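Any read-out appearing in this document is the output of simple, stated calculations on the displayed coordinates, not a laboratory observation. All Cβ positions, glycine included, derive from the backbone under ideal geometry; neighbour counts span all protein chains shown.
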Amino acid sequence: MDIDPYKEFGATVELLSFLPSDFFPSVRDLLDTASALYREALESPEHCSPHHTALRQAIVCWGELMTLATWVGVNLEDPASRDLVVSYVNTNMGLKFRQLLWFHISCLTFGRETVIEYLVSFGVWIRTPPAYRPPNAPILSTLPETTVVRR
Amino acid sequence: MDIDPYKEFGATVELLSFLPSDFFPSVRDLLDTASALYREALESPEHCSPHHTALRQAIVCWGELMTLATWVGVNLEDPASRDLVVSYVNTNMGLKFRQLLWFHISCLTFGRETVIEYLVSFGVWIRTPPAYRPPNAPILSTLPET
Amino acid sequence: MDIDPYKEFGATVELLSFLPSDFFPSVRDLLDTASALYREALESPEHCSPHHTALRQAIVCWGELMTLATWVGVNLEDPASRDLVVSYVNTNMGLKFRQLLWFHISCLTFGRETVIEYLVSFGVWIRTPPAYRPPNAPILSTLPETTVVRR
Amino acid sequence: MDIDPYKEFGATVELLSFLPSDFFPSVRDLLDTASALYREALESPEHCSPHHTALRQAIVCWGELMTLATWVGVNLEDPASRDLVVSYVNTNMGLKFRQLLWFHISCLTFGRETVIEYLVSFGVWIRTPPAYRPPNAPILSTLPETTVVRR
Amino acid sequence: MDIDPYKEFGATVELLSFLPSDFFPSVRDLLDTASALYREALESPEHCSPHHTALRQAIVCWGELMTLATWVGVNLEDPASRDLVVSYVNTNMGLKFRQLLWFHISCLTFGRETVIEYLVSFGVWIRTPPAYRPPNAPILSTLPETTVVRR
Amino acid sequence: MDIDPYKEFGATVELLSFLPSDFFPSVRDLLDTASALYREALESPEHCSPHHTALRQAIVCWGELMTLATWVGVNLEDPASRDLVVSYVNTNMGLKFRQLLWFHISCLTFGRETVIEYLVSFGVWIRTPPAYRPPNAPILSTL
């Protein structure tokens, strides 16, 4: 079909194509952020929000893909094809999962309006040619880059 | 007829020449930004804005220019002239379209007054000597302060 | 994308396919009608109407295409390919511009309802086989074909 | 100085450029019509209307042009060049004066709005290919379509 | 006659004498800034403000100076003396016109009080020895110190 | 740009083309008139009038030209080139500067409408053929 898992939330696959391919953190770092900020709500028995539902589903499917990787590394004798499949699962399927994770963790941490405005502004930034581009790329944050809160 | 594509919007061809010619993103990146942000409005059977009207027209005209370039590639046998024509369509007309798409997408995203003050300020900045101007190049951003 | 520059106004590319390919006036005649009826409004600094916006954009792009034609006629040494490109720009791209011009000038002069009704009626006329087709094709006009207004 | 003699009245040299060369009566017939419809007003010491002012001026410059033609015919001994200049004066300048006289006589007879809509509709008719238009040009006249003066 | 072109506006040739020679954009950049910020007001038939009057006059005298430079380059056969005069016109008189254009464009952009306090503070900064002053000259700009145009 | 320095003051360059090139007094005479009539107001720190602003600007741009001329006469060793360029500075730019000074001093002294009617009347006088042209050329005066 044509689900396009972001258009339900307000972004699209092409709106997230503003961000380059290597912009997204690693799958380990994104799973660490998830378990560090929303573990007790991702394990609760209630529909907390659509982001929580989609994030639970994403994590279960990555778990199914990591079980696949373990199984193939255990069961395939041909090492060339074995490492081929494992590297494919880890990188080429991993990129789609990291784009999915980044989006959900960031839209939970900062908000839909903030994440969409950040996507637009980072599109502007990465579009602007290098010679006329400021060094301060836009970034998501809840505090100013320097925070003078003495006590 | 001596028509400005920007005079009704409050800009001018010389006001968009006030920025470096290589400041504007590629036509590919700008068409991607348009289809990523306002596709459902650039395909609806409503006007919704002079910017949507002008942006629909601009994209149709670029599609016609790209069909021209494909036709040239297929139907010109002389490679020198063929690649000269294609390079012209991609660089001169491509620069004019990138200046046009940038203006309309940026206006729709940020605001007419915001984009005009940005044009003026970035033009003044790129001309101020380096030691007496803020060090970071100006940029447009929807992300507020925290 | 799928802009279809008429569906914003109420027609479509297929509704304007009722009219044959050679029905549309020349680009020179349509630019003359434009500069004879709406020049002071096409050069004004205000959004007069969506037809005016689209017509300004169309005229600027035809100007860009005529600058292309001048450039190629000046810069291409190979005469065969030069005249090939110039004839292409003038006829095959010209037809699309004349369909665009005719539509906008007529919808400004006569009105959207009148232009759409004319498209439907000319579809009926040009569809009817020649033997059962009246000689009076439908035409757009603000006066009767004969106008007895003595003084 | 690039002056349009109709722009003052609402027409345009590009709006009257559609009426074919054979559309206008001869200079003699248009002068007879002027002197038989508005002689007592084109010979009065009163500012009657802009059409009267322009008609007076046009007739004076045609008188000067006819004096020119007579002088050429009398004083150019070369018959070839003499007939060349006479033909030029009687056809090119003659057509311009026929277009100018027709416009003013017809404005005075019918009305500004009437003659302008007539020019518009005749442009629409003369731009259509001969195969898609009613075969009888639109007519501007004071007579009924039956041409029977009752009462 | 010992006229101060800024004393009328509140500055003084001795108040602008502190801004170094490298502080001002080139004549070309300052003319581009003028013609891109206030062209429709520097070309209007209206007395807009003393800054507009002085800007019009300054630009006319620079036009005369550029005509002089072109005439020198064309008509002085001696290359040494020709380049000598051209260098003089482009550097000395050029610096005076850069100082004059900067002052008027900056007044029109920012304000009399703002540009005067800026000149005062820049004088304080440029008079201090390099060892007792903050290393970054004071800046007059419309951009935020972050140079990110939001809203 | 097409700034046209007289447009704001109500004239145009083609209106001042009514007066010939050899009609305007020397720049010396015009500067003498200025320093005799409006020195205390051109040296004042006040926007007295747009004519005062334009006249201050013109006087400063002429002072810069004269400094250029002196600098050239001192520093250019080639006498031919030096005399050529100083003669250019004195005549070809002095012409436009005495046009500007004439316009502004005359407007200040007599009035905008008076100077404009003078320009129109001088157009009439210089267009009239010589056989029907009075020997008394038009002249500006408040007497």
Discussion item. For a quick size check, give me the Cα extents of chain F along its three principal axes, largest first, whole Å.
Written reply: 53, 44, 34
Worksheet item: Roughly how many whole Å is it from the C-alpha centroid of the range D:79-113 to that of the range C:97-151?
Response: 33
Worksheet item: What 222 nm value per residue comes from the helices of chain D, counting each DSSP H run with n ≥ 4 as -39,500 (n - 2.57) and dividing by all residues, nearest 500 deg cm²/dmol?
Response: -18000 deg cm²/dmol
Discussion item. With 10 angstrom as the radius, rank E:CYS107, A:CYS61, C:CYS48 by how many other C-beta atoms surround their C-beta, starting from the fewest.
Written reply: A:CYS61, C:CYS48, E:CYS107
Worksheet item: How far is helix F:112-127 tilted off the main Cα axis of chain F, in degrees rounded to 10, range 0 to 90?
Response: 80
Worksheet item: Which whole number gives the average count of other chain Cβ atoms within 10 Å of the Cβ atoms across peptide C:47-57?
Response: 6
Worksheet item: Taking each residue of F:79-85 in turn, how many C-beta atoms of other protein chains fall within 10 Å of its C-beta, and what is the average?
Response: 5
Fill in: Dipole moment magnitude, nearest 20 debye, the range E:6-151 about Cα centre, only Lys, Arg, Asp, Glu C-beta charged
420
Worksheet item: Roughly what angle does helix C:50-75 make with the longest principal axis of chain C, taking Cα atoms, 0 to 90 degrees, to the nearest 10?
Response: 40
Worksheet entry | Reciprocal mean inverse distance between Cα atoms of the protein assembly as shown - Kirkwood radius, Å | 35.0
Worksheet item: Mind listing which GluC sites (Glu not before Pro) in the range E:55-118 are in a DSSP loop and have 16 or fewer other Cβ atoms within 10 Å?
Response: E:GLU77
Practice prompt. Give the Debye-formula value of log10 I(q)/I(0) at each listed q (0.15, 0.24 Å⁻¹), with one equal scatterer per alpha carbon of the range E:65-151, two decimals each.
Written response: -0.79, -1.14
Worksheet entry | Shielding by partners - mean other protein chain Cβ count within 10 Å, residues of E:136-146 | 5
Practice prompt. Could you list, in their original order, any pairs among B:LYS96/C:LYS7; C:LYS7/C:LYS96; A:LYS7/A:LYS96; F:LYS7/F:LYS96; D:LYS7/D:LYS96; E:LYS7/E:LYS96 whose Cα atoms are separated by more than 21 Å?
Written response: B:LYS96/C:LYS7
Discussion item. What do you get for the angle between helix C:93-109 and the principal long axis of chain C? Use alpha-carbon atoms, 0 to 90 degrees, nearest ten.
Written reply: 40
Worksheet item: Residue by residue, what Karplus-based ³J(HN,Hα) values in Hz, rounded to whole numbers, does the range E:133-146 have, using 6.51, -1.76 and 1.60 with θ = phi - 60° and x for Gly and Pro?
Response: 10, x, x, 10, 4, x, 10, 10, 8, 8, 6, x, 4, 8
Worksheet item: For the residue pair F:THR12 and A:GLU40, what label-to-label distance in nm results when each label sits 7 Å from Cα along the Cα-to-beta-carbon direction?
Response: 8.2
Practice prompt. With a point put 7 Å past each Cα toward its Cβ, work out how far C:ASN136 is from B:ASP2 in nm, to one decimal.
Written response: 4.5
